[PDB]
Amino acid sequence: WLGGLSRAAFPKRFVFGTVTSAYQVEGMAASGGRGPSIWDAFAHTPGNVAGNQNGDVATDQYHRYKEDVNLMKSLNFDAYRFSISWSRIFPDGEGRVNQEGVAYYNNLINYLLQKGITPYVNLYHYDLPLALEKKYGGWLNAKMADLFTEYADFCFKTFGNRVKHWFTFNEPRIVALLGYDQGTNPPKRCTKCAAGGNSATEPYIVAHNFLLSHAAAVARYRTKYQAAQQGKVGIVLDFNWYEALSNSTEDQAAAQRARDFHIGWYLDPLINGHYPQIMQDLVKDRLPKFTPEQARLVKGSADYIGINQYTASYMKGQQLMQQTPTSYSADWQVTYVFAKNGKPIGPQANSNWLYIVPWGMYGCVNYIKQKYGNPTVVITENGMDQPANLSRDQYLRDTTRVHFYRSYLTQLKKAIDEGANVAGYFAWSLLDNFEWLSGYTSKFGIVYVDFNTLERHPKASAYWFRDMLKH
């Protein structure tokens, strides 16, 4: 049932944790002095989320955080990845501090440390203060580097004597893709969209500003706080694996373009100080140019790379064509394929995009090892979902999730035993929670949350982790 996995199967002092994000678990969305984020406005508009649900209450971790910390300690985890809500600290994103918000994160951080659990703190997880969206146009505006740097500075000052493991952003690719290419997440921008936009240009502007903002915040950390605090700052990037459908030159090149457009988009700047060459060749003057000084600030600005790894796809190629620009997604010039030799790549979880493909974990980790000089990587999310409307006991008997983690972690072990510099692994999620457009219809937790009573109940997968992680 453990399949030979234990702490002895991973490197000495490998970090095991679970993950949430602020809007997905906290609740108290319009209480405790918190200002609205772009997701509050989006979720409150009829038809945007499944069942018109929102994160007003969520799991109510805001009031129950000590229960949840005790629970993660009893399951033998070493660390907890959570995010700080920018609008809980600065209701307008700038100016006035909400002291009640500050006290909440102080209390959470202090309790975690009291119970021997290491906090890994994300500054941003999709939840841009609405005031900054309206006043500045959000991530389309280069001024976000200053605005984010001032917010990060406050967080380093206020929490950094205790917090030593920071991330700036969670998955800027998804913000760019869903917010500005397809227009399905806030601010709902795209070429077609009612709010305006341009799917060929805005995704690249947004990504550039995430990178400049990350670099500016880290430069602030390094010049003002690191000497005294001695912590680290990284960034979280999504990476799903792409496998060539066949060994042809065409299909191998398609898979590699997909890798470069997905992960290279951010990794090449963070490691090598430039965008991928293929992106420069295909996107051209729609891709912003780093000045030498900006490139030098961005290069080497992550002390570790967070990887959110879930799934994999086959990629099929074609001849590279001259084309009128339409979108970030169309720029790749690839065809997604989800079967090979008459067999699917894997079975799906509840989320249509989530194909259960354990060898993709090996694919991603090995690729980053071999291509980017083996940087320090943390697996910052990995997990799968159950559907809505099951009984409690059905949720608890999550044998598919047990199998998911045994398989994926075996594949992670394989990459590490071959020399990949992976420092940690974090399971998405500690709790069933608000799953963005799916609302409460998608259950990612190792702990079940009854959303009528808010009671927590560990699933078999939680007990699997407890067995596997015991000292």
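Position 1 is the first residue in the sequence shown; the rest follow in order.
Higher average CA B factor: 188-196, of the stretches 304-312 and 188-196. Legend: mean Cα B-factor per stretch from the PDB entry, 100-108 versus 247-255; the higher mean is in 247-255. Looking at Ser213, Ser85, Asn382, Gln182, the one whose CA carries the top B-factor in the deposited record is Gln182. Placement of the Cα temperature factor of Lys443 within the chain: lowest third of the modelled residues, per the deposited record. Ranked within its chain, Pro119 lands in the lowest third, by CA B factor from the PDB record. Ranked by C-alpha B-factor against the other modelled residues of its chain, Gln53 falls in the highest third. Annotation for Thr18: CA B-factor lies in the lowest third of the chain's modelled residues. Sorting the modelled residues of the chain by their CA temperature factor places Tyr204 in the lowest third.
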